[PDB]
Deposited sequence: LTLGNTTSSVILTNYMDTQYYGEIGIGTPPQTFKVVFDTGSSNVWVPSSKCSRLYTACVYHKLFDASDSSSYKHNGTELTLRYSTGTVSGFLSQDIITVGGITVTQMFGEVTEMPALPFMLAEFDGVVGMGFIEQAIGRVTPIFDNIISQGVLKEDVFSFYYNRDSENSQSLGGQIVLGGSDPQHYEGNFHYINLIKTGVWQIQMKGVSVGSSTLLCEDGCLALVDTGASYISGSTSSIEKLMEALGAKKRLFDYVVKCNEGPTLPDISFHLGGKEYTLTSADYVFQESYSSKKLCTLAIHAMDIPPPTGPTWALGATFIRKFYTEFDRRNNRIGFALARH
């Protein structure tokens, strides 16, 4: 085939990037994060009690309004950090840009109020592999590959600062949003969008990951994350102060913070202070949050760093299923 499909994304506060899909006949539309760090499609169910704040303010999929729905009903569960997300399996037609695919997805009937009530999007489209799919449910991109319509079996992400919030392209990349050529790194193994990282540097010197470490390239994560211990070290080197849920610096010190570099494949990928400090002020009397957090990701996938939107904003990213690799290029804004 010779198809590419693009979907325009909205940038909410540099932490959530989401675009529209349609499910059912007629289509019920949902704003969703396209997430390389998971493998299932989830939308809230019309069966979610209105006594869940995580459902009350989002769009709900109603199977009773869709002529193309096919019942399944298998329970599926995710033991998330703040509580259980559970729902049940359903099948319907899903449109993503130009593409229409028959897809099995989860209808959520309960999920914790935090963090999900603070999502400006309604659902999640996992762009990961079947190896990590709850219930081994065939992921959406697997089903699109099977249609044999895509120009290439890749998909690409542009995240803007904050005007276009971002863009996902299915079947290729959009050269309007990057400069030069991609540089590629092979997946450690098929099944996870995760690559080797060869070190993390502050200024000119390698501080961390000296012996090597893992990097999950996670389009659904807001931040760059590392293990509690790695991040403690990094923040020490930055002179950043720990809070209960983030790290901060005195706002005036923000622009003088050193570059942080991630050695991936044959290249160093450098973020300057402007790429990782939320410069909400320049005052010595105010504290500024960093777009780098600690997260201890458990096995099998962790422990690992995760390169989320903080990283992807700077580096346009292509996820290549044909060749089991990830490519980066400098984004154009």
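**Student:** What ranges of the deposited sequence are left out of this structure?
**Tutor:** Absent from the structure are positions 1 to 3, 166 to 170.
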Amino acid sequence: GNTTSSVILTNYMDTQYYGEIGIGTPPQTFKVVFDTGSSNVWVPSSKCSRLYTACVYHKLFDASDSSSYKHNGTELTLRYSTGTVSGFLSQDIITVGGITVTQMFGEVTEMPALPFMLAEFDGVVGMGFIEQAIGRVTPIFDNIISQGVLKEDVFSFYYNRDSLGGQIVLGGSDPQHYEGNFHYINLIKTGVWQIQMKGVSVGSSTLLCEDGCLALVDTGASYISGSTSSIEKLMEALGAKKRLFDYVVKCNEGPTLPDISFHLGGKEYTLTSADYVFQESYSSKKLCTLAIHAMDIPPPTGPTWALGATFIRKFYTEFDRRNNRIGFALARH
From here on, numbers count along this sequence of modelled residues.
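C-alpha atoms forming the largest set that superposes within 1.5 Å between two forms make up the rigid core.
**Student:** Root mean square C-alpha distance from this form after a core fit in 9 other deposited structures of this protein: higher for 210 to 218 or for 72 to 80?
**Tutor:** Between 210 to 218 and 72 to 80, greater C-alpha deviation in 9 other deposited structures of this protein belongs to 72 to 80.
**Student:** Comparing 173 to 181 with 110 to 118, which has C-alphas lying farther from the shown form in 9 other deposited structures of this protein once the core is aligned?
**Tutor:** Taking the RMS over all superposed structures in 9 other deposited structures of this protein, 110 to 118 lies farther out.
**Student:** Compare the other PDB entries of this protein and indicate whether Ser163 is left unmodelled in at least a third of them.
**Tutor:** Across the other compared entries, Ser163 is absent from at least a third.
**Student:** Across the other PDB entries of this protein that were compared, is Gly1 absent from at least a third?
**Tutor:** In at least a third of the other entries, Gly1 has no coordinates.
**Student:** Can you tell me whether 145 to 153 has a higher mean C-alpha B factor than 215 to 223 in this record, or the other way round?
**Tutor:** For C-alpha atoms only, the mean B-factor is higher in 145 to 153.
**Student:** Select between 307 to 315 and 321 to 329 the stretch whose C-alpha atoms have the higher average B-factor in the entry.
**Tutor:** Between 321 to 329 and 307 to 315, it is 321 to 329 that shows the higher mean C-alpha B-factor.
**Student:** Between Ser230, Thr109, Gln132, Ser261, which carries the biggest CA temperature factor in the record?
**Tutor:** Result of the comparison over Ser230, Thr109, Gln132, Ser261: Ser230.
**Student:** Checking the record values for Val124, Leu170, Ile93, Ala240, which has the greatest CA B factor?
**Tutor:** The C-alpha B-factor peaks, among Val124, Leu170, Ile93, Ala240, at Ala240.
**Student:** Compared with the other modelled residues in the chain, in which third is the CA B-factor of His293?
**Tutor:** According to the entry, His293 has a C-alpha B-factor in the chain's middle third.
**Student:** Once the chain's modelled residues are ordered by C-alpha B factor and cut into thirds, is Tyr282 in the lowest, middle or highest one?
**Tutor:** Middle third, going by the recorded CA B-factors of the chain.
**Student:** Considering only modelled residues of the same chain, in which third does the CA B-factor of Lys47 rank: lowest, middle or highest?
**Tutor:** CA B-factor rank for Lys47: middle third.
**Student:** Once the chain's modelled residues are ordered by C-alpha B factor and cut into thirds, is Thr301 in the lowest, middle or highest one?
**Tutor:** Highest third.
**Student:** Lowest, middle or highest third of the chain for the C-alpha temperature factor of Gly98?
**Tutor:** Its C-alpha B-factor belongs to the highest third of this chain's values.
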